[PDB]
Amino acid sequence: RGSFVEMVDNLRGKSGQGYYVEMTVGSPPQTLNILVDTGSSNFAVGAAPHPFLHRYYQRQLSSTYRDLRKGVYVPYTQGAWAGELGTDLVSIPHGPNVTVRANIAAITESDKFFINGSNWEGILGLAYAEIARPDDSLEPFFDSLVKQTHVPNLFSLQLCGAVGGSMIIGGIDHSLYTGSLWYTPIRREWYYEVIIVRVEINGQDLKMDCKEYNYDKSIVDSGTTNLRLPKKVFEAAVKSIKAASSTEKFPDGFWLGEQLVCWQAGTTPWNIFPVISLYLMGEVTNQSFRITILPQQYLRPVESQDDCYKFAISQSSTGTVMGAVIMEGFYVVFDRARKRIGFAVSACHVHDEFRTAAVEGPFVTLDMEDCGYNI
Ligand SMILES: CC(=O)Nc1c(Cl)cc(CNC(=N)NC(=O)Cn2ccc3ccccc32)cc1Cl
């Protein structure tokens with residue numbers, strides 16, 4: 001097909017448990033399944049037995065492993081891991097045709113990091129050095145890839161929900177999207193930080209100050225499932241989504257993600273839930289565009305003749321997180337070279353006969369520079 005055809009369909013995963021790519025480390029080769037995470041910046045792999053790991057990195061068997069003689073610890077809200085730094089040869093067999101020497105954290109102990117049944121054994125942090133542990137001197141994988149090889153400073157992700165998808169490294173594959181790509185600036189190179197300028201539920205403006213949408217940052221994060229929204233925005237969004245779906249009644253805990261609702265197999269009334277639109281800052285002054293997702297993105301199937309769903313928009317205290325709920329509607333281009341993120345309708349996104357995810361523009365939005373949080 002296209003020149004990047006061998007990278008198509010190189011991602012796998014279980015719904016809600018993350019998308020992973022095969023990476024081959026060391027010499028002789030040790031291939032592991034690695035979570036693709038645009039929300040972090042460390043390359044780390046399980047390196048000792050764990051109940052949830054089918055396999056792990058064995059440094060003593062790798063002739064090319066070099067010990068950096070330094071520990072590393074990486075905390076999150078929901079888990080953490082500890083390990084040991086070194087470097088080794090790394091290739092991605094269904095990625096670019098190169099081999100690089102990369103930093104690698106060998107995970108030796110962990111708490112609620114690995115996921116039983118997820119089939120991944122490590123994490124590939126694709127964001128920038130600023131948020132690497134132990135500090136920004138530990139060069140992230142993609143930075144090593146670009147520094148050591150000819151591979152262009154860009155990658156793109158098509159996450160196909162219920163899983164699989166494509167990580168195209170060094171370019172764009174045009175079979176993965178329809179319509180046009182629309183770009184938003186990367187505000188600052190740490191997370192993949194962006195600026196949300198307007199939010200609509202079924203076309204109805206939430207009417208909050210755009211500063212609220214980005215308090216205290218908005219990021220694109222493939223390593224987390226939900227669309228996470230700052231508290232005030234979450235509360236307003238839930239009120240609006242409830243209003244739009246009021247022909248049906250759901251318990252309060254459903255909107256909190258604490259209760260599931262199930263339908264008999266194949267009867268989910270998708271039409272009664274609204275679409276959700278985020279407007280993003282464009283590349284020209286006073287110009288924006290909007291991305292729109294369906295309930296097929298934000299209502300997640302969990303684990304018979306009953307189809308149970310979890311509401312996957314949740315409250316955040318660390319800003320807006322555009323997780324898989326957002327990314328599964330779109331082909332997302334991380335154009336690091338031009339400091340921008342592109343969105344187009346995904347050729348694989350889950351939809352129905354009546355509605356589709358959308359990327360539309362341009363719109364006119366004034367004073368967008370004020371939406372961003374400072375310090
Ligand atoms: C079991 C589990 O969640 N493992 C895990 C995975 Cl799969 C990825 C990561 C890396 N994290 C991200 N890429 N993004 C976030 O953690 C986004 N985030 C930021 C705050 C927060 C709170 C609850 C859930 C997610 C939250 C951390 C962990 Cl501990």
# chains A, B, ... in the order shown; residues from 1 in each chain; ligands from 1
>>> residues_near_ligand(ligand="ligand 1", cutoff="8 Å", atoms="only C-alpha atoms and all ligand atoms", output="MDAnalysis selection string")
chainID A and resid 17:18 35 37:40 75:80 111:115 123 125 221:226 228 316:318 321 323
>>> select_by_dssp(residues="stretch 28-251 of chain A", states="alpha helix (DSSP H)", output="PyMOL selection string")
chain A and resi 141-148+210-213+231-244
>>> write_last_selection(atoms="N, CA, C and O atoms", output="short mmCIF file (atom, residue, chain, number, x, y, z; two decimals), in the first residue's frame")
data_model
loop_
_atom_site.label_atom_id
_atom_site.label_comp_id
_atom_site.auth_asym_id
_atom_site.auth_seq_id
_atom_site.Cartn_x
_atom_site.Cartn_y
_atom_site.Cartn_z
N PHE A 141 13.41 7.98 24.66
CA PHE A 141 13.61 7.12 23.51
C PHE A 141 13.51 7.84 22.17
O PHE A 141 14.37 7.67 21.31
N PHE A 142 12.45 8.62 21.99
CA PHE A 142 12.22 9.21 20.67
C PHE A 142 13.31 10.24 20.37
O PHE A 142 13.70 10.41 19.21
N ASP A 143 13.80 10.91 21.41
CA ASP A 143 14.92 11.83 21.23
C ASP A 143 16.17 11.09 20.77
O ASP A 143 16.87 11.57 19.87
N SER A 144 16.45 9.93 21.35
CA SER A 144 17.57 9.09 20.91
C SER A 144 17.38 8.63 19.47
O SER A 144 18.33 8.63 18.68
N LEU A 145 16.16 8.24 19.13
CA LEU A 145 15.85 7.77 17.79
C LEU A 145 16.18 8.84 16.75
O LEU A 145 16.86 8.60 15.75
N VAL A 146 15.72 10.06 17.01
CA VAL A 146 15.94 11.17 16.10
C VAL A 146 17.41 11.59 16.05
O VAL A 146 17.94 11.87 14.98
N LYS A 147 18.08 11.60 17.19
CA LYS A 147 19.48 12.02 17.22
C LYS A 147 20.39 11.03 16.49
O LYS A 147 21.34 11.44 15.81
N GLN A 148 20.12 9.74 16.64
CA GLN A 148 21.01 8.72 16.11
C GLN A 148 20.74 8.26 14.69
O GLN A 148 21.58 7.60 14.09
N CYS A 210 -12.66 29.88 29.09
CA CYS A 210 -11.74 28.89 28.54
C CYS A 210 -10.53 28.64 29.44
O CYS A 210 -9.88 27.60 29.31
N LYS A 211 -10.23 29.56 30.35
CA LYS A 211 -9.16 29.31 31.31
C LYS A 211 -9.46 28.07 32.15
O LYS A 211 -8.55 27.37 32.58
N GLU A 212 -10.74 27.80 32.39
CA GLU A 212 -11.11 26.64 33.17
C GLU A 212 -10.81 25.33 32.46
O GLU A 212 -10.47 24.34 33.11
N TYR A 213 -10.92 25.34 31.14
CA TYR A 213 -10.71 24.12 30.35
C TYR A 213 -9.25 23.68 30.40
O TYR A 213 -8.95 22.51 30.17
N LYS A 231 -12.24 19.70 37.76
CA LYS A 231 -13.48 19.62 38.54
C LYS A 231 -14.65 20.50 38.08
O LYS A 231 -15.74 19.98 37.86
N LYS A 232 -14.44 21.80 37.94
CA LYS A 232 -15.54 22.69 37.56
C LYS A 232 -16.08 22.32 36.19
O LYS A 232 -17.29 22.39 35.95
N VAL A 233 -15.18 21.94 35.29
CA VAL A 233 -15.58 21.59 33.93
C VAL A 233 -16.30 20.24 33.93
O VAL A 233 -17.30 20.06 33.22
N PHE A 234 -15.78 19.29 34.70
CA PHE A 234 -16.41 17.99 34.83
C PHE A 234 -17.86 18.14 35.31
O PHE A 234 -18.77 17.55 34.75
N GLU A 235 -18.05 18.93 36.36
CA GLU A 235 -19.38 19.14 36.92
C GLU A 235 -20.34 19.72 35.89
O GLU A 235 -21.47 19.25 35.74
N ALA A 236 -19.88 20.73 35.15
CA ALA A 236 -20.70 21.33 34.10
C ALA A 236 -20.98 20.36 32.95
O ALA A 236 -22.10 20.30 32.44
N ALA A 237 -19.96 19.61 32.55
CA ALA A 237 -20.15 18.64 31.48
C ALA A 237 -21.17 17.58 31.87
O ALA A 237 -22.05 17.24 31.09
N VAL A 238 -21.07 17.06 33.09
CA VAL A 238 -22.02 16.03 33.53
C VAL A 238 -23.44 16.57 33.55
O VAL A 238 -24.37 15.90 33.09
N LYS A 239 -23.61 17.79 34.05
CA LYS A 239 -24.93 18.40 34.09
C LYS A 239 -25.51 18.48 32.68
O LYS A 239 -26.68 18.15 32.45
N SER A 240 -24.67 18.88 31.73
CA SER A 240 -25.13 19.03 30.36
C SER A 240 -25.41 17.69 29.68
O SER A 240 -26.36 17.57 28.92
N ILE A 241 -24.56 16.70 29.93
CA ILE A 241 -24.74 15.39 29.31
C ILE A 241 -26.00 14.75 29.86
O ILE A 241 -26.77 14.14 29.12
N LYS A 242 -26.23 14.91 31.16
CA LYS A 242 -27.46 14.44 31.79
C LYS A 242 -28.69 15.07 31.14
O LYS A 242 -29.65 14.38 30.81
N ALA A 243 -28.65 16.39 30.96
CA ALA A 243 -29.76 17.10 30.34
C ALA A 243 -30.03 16.59 28.93
O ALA A 243 -31.18 16.42 28.53
N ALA A 244 -28.96 16.33 28.18
CA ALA A 244 -29.10 15.92 26.79
C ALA A 244 -29.62 14.49 26.68
O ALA A 244 -30.15 14.10 25.63
#
>>> residues_around(residues="residue A:188", least_positions_apart="5", cutoff="12 Å", atoms="only C-alpha atoms", output="number ranges by chain")
A: 127-131, 193-195, 217-219, 336, 339-341, 372-375
>>> write_last_selection(atoms="N, CA and C atoms", output="tab-separated table (two decimals), in the first residue's frame")
chain	number	residue	atom	x	y	z
A	127	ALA	N	6.74	11.45	25.46
A	127	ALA	CA	6.79	12.89	25.69
A	127	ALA	C	8.23	13.37	25.90
A	128	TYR	N	8.38	14.61	26.35
A	128	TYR	CA	9.68	15.26	26.30
A	128	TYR	C	10.53	15.11	27.56
A	129	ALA	N	11.81	15.43	27.43
A	129	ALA	CA	12.76	15.23	28.52
A	129	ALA	C	12.40	15.96	29.82
A	130	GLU	N	11.71	17.09	29.72
A	130	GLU	CA	11.36	17.85	30.92
A	130	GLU	C	10.68	17.02	32.00
A	131	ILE	N	9.87	16.04	31.59
A	131	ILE	CA	9.15	15.23	32.56
A	131	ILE	C	9.72	13.82	32.74
A	193	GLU	N	1.28	19.34	25.43
A	193	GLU	CA	0.33	20.31	25.97
A	193	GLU	C	-0.36	21.07	24.85
A	194	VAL	N	-1.68	21.20	24.96
A	194	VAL	CA	-2.48	21.91	23.97
A	194	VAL	C	-3.43	22.87	24.66
A	195	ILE	N	-4.15	23.67	23.87
A	195	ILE	CA	-5.09	24.65	24.41
A	195	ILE	C	-6.49	24.40	23.88
A	217	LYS	N	-3.38	22.57	33.01
A	217	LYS	CA	-2.84	22.25	31.69
A	217	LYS	C	-3.84	21.35	30.98
A	218	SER	N	-3.70	21.24	29.66
A	218	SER	CA	-4.43	20.24	28.89
A	218	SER	C	-3.43	19.45	28.08
A	219	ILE	N	-3.53	18.12	28.14
A	219	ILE	CA	-2.53	17.28	27.48
A	219	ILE	C	-3.15	16.14	26.69
A	336	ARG	N	6.41	16.67	16.03
A	336	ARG	CA	7.37	17.29	16.92
A	336	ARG	C	8.24	18.30	16.17
A	339	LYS	N	6.22	21.35	15.98
A	339	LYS	CA	5.64	21.72	17.28
A	339	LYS	C	4.12	21.83	17.20
A	340	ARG	N	3.50	20.77	16.70
A	340	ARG	CA	2.06	20.78	16.51
A	340	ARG	C	1.49	19.37	16.56
A	341	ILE	N	0.20	19.28	16.86
A	341	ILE	CA	-0.51	18.01	16.91
A	341	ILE	C	-1.67	18.06	15.94
A	372	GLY	N	-4.63	29.83	28.25
A	372	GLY	CA	-3.59	29.04	28.89
A	372	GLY	C	-3.27	29.44	30.32
A	373	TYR	N	-2.96	28.45	31.15
A	373	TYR	CA	-2.54	28.68	32.53
A	373	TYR	C	-1.07	29.06	32.58
A	374	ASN	N	-0.71	29.95	33.51
A	374	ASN	CA	0.66	30.41	33.64
A	374	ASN	C	1.33	30.03	34.96
A	375	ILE	N	2.63	29.76	34.88
A	375	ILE	CA	3.42	29.14	35.96
A	375	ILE	C	2.78	27.84	36.45
>>> closest_residue(among="A:122, A:134, A:117, A:26", to="residue A:74", atoms="only C-alpha atoms")
A:134
>>> closest_atom_pairs(of="stretch 63-166 of chain A", to="stretch 343-360 of chain A", cutoff="10 Å", atoms="only C-alpha atoms", output="JSON lines")
{"residue": "A:156", "atom": "CA", "partner": "A:343", "partner_atom": "CA", "distance": 9.8}
{"residue": "A:157", "atom": "CA", "partner": "A:346", "partner_atom": "CA", "distance": 9.8}
{"residue": "A:158", "atom": "CA", "partner": "A:346", "partner_atom": "CA", "distance": 6.8}
{"residue": "A:159", "atom": "CA", "partner": "A:349", "partner_atom": "CA", "distance": 8.1}
{"residue": "A:160", "atom": "CA", "partner": "A:348", "partner_atom": "CA", "distance": 5.7}
{"residue": "A:161", "atom": "CA", "partner": "A:350", "partner_atom": "CA", "distance": 6.6}
{"residue": "A:162", "atom": "CA", "partner": "A:350", "partner_atom": "CA", "distance": 7.2}
{"residue": "A:164", "atom": "CA", "partner": "A:348", "partner_atom": "CA", "distance": 9.6}
{"residue": "A:165", "atom": "CA", "partner": "A:348", "partner_atom": "CA", "distance": 8.1}
>>> write_last_selection(atoms="C-alpha atoms", output="JSON list (two decimals), in the first residue's frame")
[["chain", "number", "residue", "atom", "x", "y", "z"],
["A", 156, "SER", "CA", 1.36, 9.32, 14.52],
["A", 157, "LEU", "CA", -1.15, 7.16, 16.38],
["A", 158, "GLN", "CA", -4.37, 5.51, 15.28],
["A", 159, "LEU", "CA", -5.90, 3.84, 18.33],
["A", 160, "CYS", "CA", -8.79, 1.61, 17.29],
["A", 161, "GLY", "CA", -11.26, 0.92, 20.08],
["A", 162, "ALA", "CA", -13.63, -1.97, 20.75],
["A", 164, "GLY", "CA", -5.45, -2.53, 17.91],
["A", 165, "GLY", "CA", -4.21, 0.28, 15.76]]
>>> atom_distance(atom1="atom CA of residue A:292", atom2="atom CA of residue A:257")
21.4 Å
>>> closest_residue(among="A:167, A:49, A:154, A:44", to="residue A:92", atoms="only C-alpha atoms")
A:167
>>> atom_distance(atom1="atom CA of residue A:256", atom2="atom CA of residue A:272")
18.7 Å
